[PDB]
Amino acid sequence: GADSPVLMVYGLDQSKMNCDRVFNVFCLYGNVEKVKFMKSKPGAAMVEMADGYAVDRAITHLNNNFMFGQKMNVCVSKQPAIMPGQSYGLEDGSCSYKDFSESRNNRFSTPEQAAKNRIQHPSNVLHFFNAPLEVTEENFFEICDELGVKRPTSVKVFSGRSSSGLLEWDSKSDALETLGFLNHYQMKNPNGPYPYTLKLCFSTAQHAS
């Protein structure tokens, strides 16, 4: 397998992707430590994972996937680590470089937590969890409208502190694009001070019905 914890991702959409959105997609395959875009390689980012195994899973499931009409090329970087280097401001004001090592949104921080991740191939159906208890289809439609991403074609809430369920799109492409935008959205919490960090992953369910 991979001899480095660092990935190179080519074919990203420069006008839509930032460090958080790269995290939103790659956190499904391992712990993301660093994300770094380079002004010399437009549409490309280095993604440092916790180890080689995370790099293996990420390339196996995301290489040659389409996002915003572009075919992503996910491959092993020749670099052993991401150095902070000459960072720059992206069009949305965020930094080209971001350290996610202390993120509470990383899902592989212990073997126990890592095992709870169902490593699967991208689909047109997303599994959601950590949504507000009383979440509706319309709340997801409003958030998708606000983010300027495609609304899911169907929303299924599972029977149950938080709610979980399924979000379906017409294609794998729509779900992967929405994943990058919607993963970790701060959903309104009427019963407490902290918003609900909506969490997404791929599902093997054929429909949200």
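Quick note: we count residues from 1 along the sequence shown, nothing fancier.
Unmodelled residues of the deposited sequence between residue 160 and residue 161: 1 to 3. Annotation for 69-77 versus 117-125: the higher mean temperature factor (C-alpha) is found in 117-125.
Comparing 106-114 with 86-94, the higher mean C-alpha B-factor in the PDB entry belongs to 86-94.
The PDB entry gives the largest Cα B-factor of the residues 184, 39, 57, 36 to 39. The PDB entry gives the largest Cα B-factor of the residues 148, 180, 30, 165 to 148. Per-chain ranking of the deposited C-alpha B factor places residue 6 in the lowest third. Residue 173: CA B factor lies in the middle third for its chain, per the PDB record.
Sort the chain's modelled residues by C-alpha temperature factor and residue 152 lands in the highest third, per the entry. Ranked by Cα temperature factor within the chain, residue 44 sits in the middle third according to the deposited record.
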